[PDB]
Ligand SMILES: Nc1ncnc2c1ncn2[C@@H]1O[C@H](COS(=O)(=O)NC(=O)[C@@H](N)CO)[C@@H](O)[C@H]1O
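Shown here is one chain on its own, the form solved without the named molecule, set out as structure tokens.
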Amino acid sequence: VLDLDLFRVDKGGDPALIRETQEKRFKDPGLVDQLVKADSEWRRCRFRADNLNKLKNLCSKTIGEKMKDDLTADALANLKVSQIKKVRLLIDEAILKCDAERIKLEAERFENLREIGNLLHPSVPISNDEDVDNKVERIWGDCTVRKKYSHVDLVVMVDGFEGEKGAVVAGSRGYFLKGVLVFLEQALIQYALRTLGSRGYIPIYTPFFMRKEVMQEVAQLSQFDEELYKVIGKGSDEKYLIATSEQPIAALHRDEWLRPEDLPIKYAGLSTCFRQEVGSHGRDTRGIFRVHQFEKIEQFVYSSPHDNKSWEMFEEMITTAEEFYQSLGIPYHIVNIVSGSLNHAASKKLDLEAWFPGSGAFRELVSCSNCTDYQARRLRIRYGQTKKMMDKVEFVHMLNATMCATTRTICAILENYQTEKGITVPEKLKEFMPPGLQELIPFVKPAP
């Protein structure tokens, strides 16, 4: 959510920038005008409610002192108590009406405000078609070589995938992962966790469901219907399975005043993610590439909002991911996502798209995003530990970046390291593999 002072010309804001940003994101620029009218009506309503409450409190104080609507305290003391009770009834009716109006206005304003996106970084490519305007920033490796099989055949040739029985047990896209591919996924988790731990990240295993009252503050409405599973206990709770470990990690510091001294707070989230959308786009998107359930390792950073430090940390996060994939030998290019396909919180996003030689396509493996103070002010995570008198608080900056989604990274490893006799084990995962699987994952079945 944006600062409501950005929409108030009275304060040092102006809604013209917000309208031009709503245009850059190719969203509705008309939400800003509705928001401004709702906010300007709400300020009147709130002022009137405070004056009514003031009169009520003065009536109560007069009654209390005597027992032991232009009404001054002096003009009120010269009355009997029954008269004050009549006045209190009048005040109560007025307060009821005003509170109805104010609740309506608050709901309207917050409805128009949760659909306005963060300000954009001047580096974002302004466009709406992703396939042409996404700015490729740097290449690494050989992103043109092509090899025999795609991952959809390779996961079966090594006998590490059970799709039919998984769809019998769990349904569309359900899967069992078995044998050598469980060991490879565990090796990936170990290597990613050690890489991030050496950099100063704190590993954190999160809860897999979250209360709805908390999930609202970290997710959007689009996500709940479209992508979030709902968990039902006994007595019919309202919990949701997490779509990413960024959601619980964000709520780990909600309603806190962080000390500026400890602010580069970096966490390496480890969890299982649950998505509903698994829509397919050909054979090369089947297998374990788009599934409902997968393990993911995340980078989550809380940063100071000052001195451009947030953007330096953004560069550092994407560099950490890049080095992870260079040490694995996966060729990729870094892409600057266009402003049309950004979520509301993101002010800039970089995707790492790996080359798949058996599929002949670039596939997204890492997504790095800087949401600045969009979610910090919704969760009320404040930068300083002390507030100044007559000075609004500053919120921390929050950045998240995927380090390794294990299924997709396994697909990329299989497609990039396939030989005629099996899959070569990447040099950096050999120490985390069992003996017997430290040089080659052998083919044991034919390709379907």
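So that there is no doubt, residue numbering starts at 1 and follows the sequence shown.
- In this entry, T144 and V145 are joined directly, with no residue of the deposited sequence lacking coordinates between them.
- In terms of unmodelled positions of the deposited sequence, the stretch from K68 to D69 in this entry skips 10 or more residues.
Beyond what is shown, the protein has a form solved in complex with the named molecule; the following relates to that form.
- The partner is absent here; in the deposited bound form, the one residue of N118, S367, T320, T206 having a heavy atom within 4.5 Å of the named molecule is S367.
- In the deposited bound form, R275 approaches the named molecule with a heavy atom inside 4.5 Å.
- The named molecule in the deposited bound form comes within 4.5 Å of no heavy atom belonging to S347.
- Under a 4.5 angstroms non-hydrogen atom cutoff, the named molecule in the deposited bound form has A405 among its neighbouring residues.
- At the 4.5 Å threshold, heavy atoms of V291 reach the named molecule in the deposited bound form.
- You can rule out all but one of 106-114, 207-215, 311-319, 282-290: in the deposited bound form, only 282-290 has residues with a heavy atom within 4.5 Å of the named molecule.
- Although the named molecule is not shown here, in the deposited bound form the stretch 236-257 places heavy atoms of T244, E246 within 4.5 Å of it, in sequence order.
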